[PDB]
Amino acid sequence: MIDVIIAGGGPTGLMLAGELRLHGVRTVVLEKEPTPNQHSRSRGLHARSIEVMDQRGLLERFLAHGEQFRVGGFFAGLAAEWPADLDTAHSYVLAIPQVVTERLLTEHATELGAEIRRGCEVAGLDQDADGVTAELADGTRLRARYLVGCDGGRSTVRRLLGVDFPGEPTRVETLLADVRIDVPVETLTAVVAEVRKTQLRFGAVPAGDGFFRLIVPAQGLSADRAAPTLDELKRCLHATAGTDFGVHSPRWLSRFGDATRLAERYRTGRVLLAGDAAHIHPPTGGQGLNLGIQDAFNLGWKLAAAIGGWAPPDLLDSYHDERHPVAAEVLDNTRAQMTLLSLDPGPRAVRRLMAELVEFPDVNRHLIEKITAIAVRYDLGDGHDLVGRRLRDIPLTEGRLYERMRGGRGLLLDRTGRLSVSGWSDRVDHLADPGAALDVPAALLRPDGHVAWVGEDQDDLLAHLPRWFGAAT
């Protein structure tokens, strides 16, 4: 029997598939497209995702396929420098196109034994006390214990579950086009800089083969929501830039709206949602793929614990509880960034103010910690300030913390010489290293790297172990 079916083999589904396979969960990914999508949305990973890749031994291959940037501009285009003191060992943006990210994640899930089935479109579902059935559009059916809808912003699974998707509708649309041009790049660049004085929803990024990615505001809102024609792209370039640059030969035409919507329940019985299936928002700040990877990283070890039979009874519900608030904050911060890009005089004045404020290092750091997700803190109810936050990478006596996390178990980082995870050692590794560079006596880490407990008293540690790791054996 299949343990988990994943509907959708985008970055979220593929990441989830890898996390599940770490625990020997039998995982089948049903991806509707017969061949990988060739057009990239995402342009890169942010620090929390880069950390996550390094905790799973994937960072070397991501670095080998991308370029590291430390530049300003990630929060609503607000120019700065990169913050000097961001609290991560991975303080950069990894520019890497989404197609490449999906290739790396695909090759990793496949090598861990996930079964990826392309050309398989989930059309229907049926669940009961014991499992879930997925019905494919070709009439075939698959049974598993759980089903996770990782099937993007127009998720079939979300619709079939009848999960509400409340939020703000699209009010502002933007065109995206991969096109050739008929002006020299220096001419394109000169005009773009003049426009971007005021309209920051505009630009042109070379693909390095003579094509350019043009971003240009739409005129109004479209009834269809269909992709724009070349004719509409030209009208929009004329309106914003005063020229269409002789654009021709499009190889991709797209439109995106600024709606911010969040699934009301991430879990419905044995079916969950993750990634764009659970939340949509503007690309301002480059956050969605990152958010989805982190959804998968939250969910995977929990679902694995439930399949393994040791998950405490509330564990799976803690996926919604922790991740739904996080997405709500991304959605809000993208509403704020879109307002900072508005040409209306009030917003332009607020933008000038924000430009003054981001010269303060605390502000610049705050906005980038927000964007890059390194300061996410779940409410795991304790006082100690580290509890609920992920722990950054730190040097050990030999090596580093993230090197020890590649199995995806919990980890007790113990500097006291005195604690013990006996009873849970099959689920929690004991990293007994007084030399570790972390100024607490000990920290219990969940498999997602978030701190569940900080302290130095064995009895207290025994009290917190079952919450995340179930019963002693």
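Quick note: we count residues from 1 along the sequence shown, nothing fancier.
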| property | result |
| --- | --- |
| Selected stretch [higher average CA B-factor]: 359-367 or 313-321 | 313-321 |
| Higher-scoring stretch by recorded Cα B factor average, 304-312 or 263-271 | 304-312 |
| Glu186, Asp276, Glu329, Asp393, ranked by C-alpha B-factor: the highest one | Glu186 |
| Maximum C-alpha temperature factor, selected from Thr198, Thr372, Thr284, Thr339 | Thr198 |
| Chain-relative CA temperature factor third for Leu419 | highest |
| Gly292 - which third its CA temperature factor falls in, relative to the rest of the chain | lowest |
| B-factor third for the C-alpha atom of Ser49 within its chain | lowest |
| Entry-reported Cα temperature factor of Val29, expressed as the chain third it lands in | lowest |
| Modelled-residue ranking by C-alpha temperature factor, third containing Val451 | middle |
